[PDB]
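Just below is one structure, and these are the notes that go with it.
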Amino acid sequence: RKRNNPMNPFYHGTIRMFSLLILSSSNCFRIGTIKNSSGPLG
Amino acid sequence: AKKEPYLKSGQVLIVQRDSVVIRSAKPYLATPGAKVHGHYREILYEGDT
Amino acid sequence: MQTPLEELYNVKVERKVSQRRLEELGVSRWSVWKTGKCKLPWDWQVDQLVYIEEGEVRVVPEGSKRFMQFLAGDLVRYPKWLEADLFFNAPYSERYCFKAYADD
Amino acid sequence: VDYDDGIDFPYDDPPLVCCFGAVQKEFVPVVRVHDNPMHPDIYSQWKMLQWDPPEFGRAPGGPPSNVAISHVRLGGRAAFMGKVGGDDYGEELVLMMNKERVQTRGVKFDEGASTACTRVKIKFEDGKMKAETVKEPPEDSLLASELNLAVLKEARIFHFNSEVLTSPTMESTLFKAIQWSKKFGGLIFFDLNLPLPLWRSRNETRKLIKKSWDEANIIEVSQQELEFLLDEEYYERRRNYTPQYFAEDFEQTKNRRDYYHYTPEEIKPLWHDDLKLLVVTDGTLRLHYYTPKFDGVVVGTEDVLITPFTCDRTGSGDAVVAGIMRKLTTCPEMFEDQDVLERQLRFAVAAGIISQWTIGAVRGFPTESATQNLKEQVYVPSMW
Amino acid sequence: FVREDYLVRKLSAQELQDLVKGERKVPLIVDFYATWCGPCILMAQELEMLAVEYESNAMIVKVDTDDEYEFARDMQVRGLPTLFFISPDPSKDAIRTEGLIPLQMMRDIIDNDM
């Protein structure tokens with residue numbers, strides 16, 4: 001417990017889990033009325 | 001397509017309107033009677049059988 | 001991060017308490033605790049209401065690099081299960097009351 | 001200025017080249033701060049910095065006499081213009097250049113001066129030690145009246161470094177030499193090789209070199225010098241960028257070394273009308289070339305780990321420049337033909353590679369047949 | 001019990017300051033070097049031999065430009081290797097040399113000009 005204790009304020013990668021792997025740019029790469037508009041209806 | 005550069009090996013991870021992101025993968029050819037060391041989706045480290 | 005420690009740790013504070021609120025709480029009958037320059041680790045097992053009468057305290061939650069500062073005149077409610085380090089740098093005096101479930 | 005000098009002559013082949021400046025033994029001018037120092041006393045560890053060098057020291061340049069010696073060993077003909085003292089060290093420097101079959105008729109003796117010796121006074125301004133020059137050495141004291149105009153008339157390439165810009169006397173003498181060389185049709189080769197003082201600030205250096213930069217027809221700079229002259233922090237940030245989620249192309253995934261080829265629009269602040277060829281050297285690894293009509297890069301290589309105990313990069317920058325000068329004088333289509341230019345620049349790459357395999361710049365400068373042999377061994381036959 | 005293998009001392013700019021301001025009786029030779037500079041390996045061996053030749057008749061020190069870059073530039077160091085020969089007479093001016101000079105040329109400067 002904390003009270004039993006025996007710094008002074010006055011003074012990339014994407015996780016893939018299922019086991020952990022890191023996905024990043026080292027293993028993923030890219031290969032290259034009024035007018036209706038998308039939005040809320042209420 | 002004829003007018004396009006050849007693809008690299010891997011799995012299609014992201015599909016967008018005019019591009020695709022690939023996760024790099026390497027295939028290994030195995031003949032009948034060969035033994036695979038590991039379940040599906042098992043993590044294999046570099047140099048592992 | 002962007003979120004203040006008081007919001008993250010559910011530390012209710014009522015800086016500049018009016019005398020009306022003090023009498024509604026019955027602070028004049030609360031017990032007294034005081035200290036000098038020291039360092040107090042504590043894990044709260046029940047909620048505690050603290051009215052600071054003199055001095056100031058800087059509260060560093062477990063593993064934190066930031067602190068919460070409470071000054072004389074503030075009424076603080078430390079939540080149950082909070083683990084923190086309390087730092088004092090000068091004479092400090094408070095009146096406290098521990099609150100069980102319901103109660104106040 | 002007024003007239004000619006000498007008797008006109010059929011001028012034997014290969015065409016002469018003139019190197020202008022100070023003749024020194026060794027003396028690396030380009031000095032910056034490296035963050036990986038070895039033991040201060042055990043110099044047997046220091047060779048590990050020869051095979052993992054600071055980037056500014058990948059292919060260091062040197063004094064102009066290095067280029068002249070290296071040019072002659074590669075099959076050319078060269079003359080050195082400069083001054084030495086009448087003392088014993090002055091004779092040793094001249095005898096070194098005569099042994100290497102460098103013409104020394106352009107070398108003037110100053111019998112009242114000590115070679116490679118500068119008198120300076122030590123002061124204690126603002127609680128810090130500084131020195132100021134009282135008497136310049138003979139190496140930096142050639143006068144315009146002491147120029148050998150027969151050399152400047154015959155020479156087809158006039159070569160000098162930015163070290164002459166640190167001397168008030170040499171700077172005035174330099175621009176008279178350039179005037180004479182241009183009047184006789186010579187090309188001006190500015191091999192920057194910035195000394196220690198000229199690395200202090202971009203703006204002061206750009207003002208200091210602007211006049212000599214504008215007089216040059218051929219310029220060689222290192223990648224570090226070019227980035228310093230344009231913007232050092234922008235290119236460092238560019239090298240350190242890593243995409244957050246995925247690479248933009250498959251090659252970006254391999255995390256390879258950065259060989260960024262500067263666009264001619266980035267180079268535009270440094271381009272002028274009379275400039276025929278700009279070469280930016282990333283050691284011997286890359287030779288970026290820029291002409292008014294085209295630009296591109298020659299891929300090279302290096303192998304100092306093939307000989308870990310004799311490798312020494314000092315002087316390899318001079319061998320590359322000498323190799324460029326050897327091919328420019330004998331293959332003038334280099335300026336207008338891109339494919340020819342790339343093939344000839346591979347010869348300069350090979351000369352730089354061999355030069356890094358020996359301790360000492362002059363001791364290790366390669367011959368023409370050795371350079372041609374290495375070029376054919378390294379490159380596939382279609383690239384020769 | 002074991003003699004040290006190297007005689008030439010490496011000094012800070014501050015330490016070199018007090019050595020020059022203070023009173024000196026022997027010639028002071030200051031070497032500017034860097035561990036990445038190939039010619040400095042050759043110069044380091046020549047100065048160790050010069051220290052053996054001049055046991056107490058000269059003082060040989062060295063300064064690393066990786067540590068004292070600003071100090072080197074103010075001292076008019078234009079490249080490496082660079083040597084400063086400072087006389088014990090405060091009126092005489094110091095001699096700055098550039099390049100891998102021969103050992104005999106160092107001796108002549110120390111004997112005749114220092």
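Below, chain A is the first sequence line, B the second, and so on; all start at residue 1. Computation of the quantities below employed the complete heavy-atom set of this structure, encompassing side-chain atoms and omitting hydrogens, waters and symmetry-equivalent molecules.
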Under the side chain to side chain donor-acceptor pair (under 3.5 Å) rule, what do D/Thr281 and D/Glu220 come out as? Steps first, then yes or no, please. CA-CA 7 Å; D/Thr281 63; D/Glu220 190 276 316; 2.8 Å; yes

Centroid-centroid under 6.0 Å between [X] and [Y] rings:
X: D/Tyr260; Y: D/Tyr262; result: yes
X: D/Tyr290; Y: D/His261; result: yes
X: D/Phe190; Y: D/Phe160; result: yes
X: D/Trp180; Y: D/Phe175; result: no
X: D/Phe80; Y: D/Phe20; result: no

Would you call [X] and [Y] a salt bridge, taking side-chain N to carboxylate O under 4.0 Å as the test?
X: E/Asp93; Y: D/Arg119; value: yes
X: E/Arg78; Y: D/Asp140; value: yes
X: D/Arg237; Y: D/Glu227; value: no
X: D/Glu302; Y: D/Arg58; value: yes

Can you confirm whether D/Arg239 is buried at CZ, in the sense that more than 12 heavy atoms of other residues, nucleotides or ligands lie under 6.0 Å from that atom? yes

Students often mix this up, so state it plainly: with edges at 30° and 60°, are the rings of D/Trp46 and E/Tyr33 parallel, tilted or perpendicular? parallel

Evaluate the ring planes of D/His34 and D/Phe56, with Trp represented by its six-membered ring, and classify them as parallel (under 30°), tilted (30 to 60°) or perpendicular (over 60°). perpendicular

Is it the case that D/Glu136 and D/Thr118 place a side-chain donor and acceptor less than 3.5 Å from each other? no

For a quick check under 3.5 Å, do D/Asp318 and D/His71 share a side-chain donor-acceptor pair by atom type? no

Apply the test salt bridge (charged side-chain N to carboxylate O under 4.0 Å, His left out) to residues D/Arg363 and D/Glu100: give CA-CA distance (whole Å), side-chain angles for both, the deciding distance (0.1 Å), then the verdict. CA-CA 11 Å; D/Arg363 185 167 165 259; D/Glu100 304 293 337; over 6 Å; no

Shortest non-hydrogen contact between D/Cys117 and D/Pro138, atoms and distance: O-CD, 4.4 Å

Just to verify, which of [options] counts as forming a side chain to side chain contact (heavy atoms under 4.5 Å, CB included) with [X]?
X: E/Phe85; options: E/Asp113, E/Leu28, E/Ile29; result: E/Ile29
X: E/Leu83; options: E/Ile95, E/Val30, E/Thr97; result: E/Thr97
X: D/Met334; options: D/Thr329, D/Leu328, D/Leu277; result: D/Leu328

Criterion salt bridge (charged side-chain N to carboxylate O under 4.0 Å, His left out) on E/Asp31 and E/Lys62, from CA distance to verdict: CA-CA 4 Å; E/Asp31 167 50; E/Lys62 59 188 184 185; over 6 Å; no

